[PDB]
Amino acid sequence: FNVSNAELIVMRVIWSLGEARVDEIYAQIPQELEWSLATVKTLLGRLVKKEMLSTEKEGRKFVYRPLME
Numbered sequence: 031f032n033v034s035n036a037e038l039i040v041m042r043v044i045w046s047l048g049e050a051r052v053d054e055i056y057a058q059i060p061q062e063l064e065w066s067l068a069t070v071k072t073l074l075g076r077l078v079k080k081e082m083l084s085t086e087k088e089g090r091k092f093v094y095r096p097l098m099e
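Using PDB author numbering, the first residue of the sequence shown is number 31, and each one after it goes up by one.
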């Protein structure tokens with residue numbers, strides 16, 4: 031068994047909340063991880079290309095959200 035994702039961290043938070051903005055998705059990421067803003071931004075770009083999540087331009091920011099029928 032193996033996989034093609036970075037970490038569950040960013041998927042575990044946003045799924046619950048509904049729609050999370052760029053500053054919001056980053057706000058859920060604590061110092062225990064040692065990550066930076068640039069890290070989550072580059073990780074999103076993998077989620078959104080890999081059919082997990084989608085993203086829209088709202089609140090003069092991006093809104094990152096899941097999609098369903």
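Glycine is no exception: its CB is placed at the ideal position from the N, C-alpha and C atoms.
Quick check: what's the CA-CA separation for residue i versus residue j?
i: residue 13; j: residue 52; result: Within the shown structure, residues of the chain are numbered from 31 to 99, placing residue 13 beyond reach of any answer.
i: residue 31; j: residue 93; result: 33 Å
i: residue 91; j: residue 33; result: 31 Å
With distances taken from CA atoms, which of the options is nearest residue i?
i: residue 62; options: 50, 86, 78, 39; result: 39
i: residue 44; options: 55, 34, 35; result: 55
i: residue 96; options: 81, 89, 90, 87; result: 81
Leaving aside the five residues before and after residue i along the sequence, list all residues of the same chain whose C-beta is less than 6 Å from its C-beta, in chain order.
i: residue 58; result: 43
i: residue 86; result: 93
Quick check on residue i: does DSSP put it in helix, strand or coil?
i: residue 71; result: helix
i: residue 86; result: strand
i: residue 52; result: helix
i: residue 43; result: helix
Just checking my contact of residue i with residue j at CB under 8 Å: how many whole Å lie between their CB atoms?
i: residue 50; j: residue 73; result: That pair is no contact at about 13 Å.
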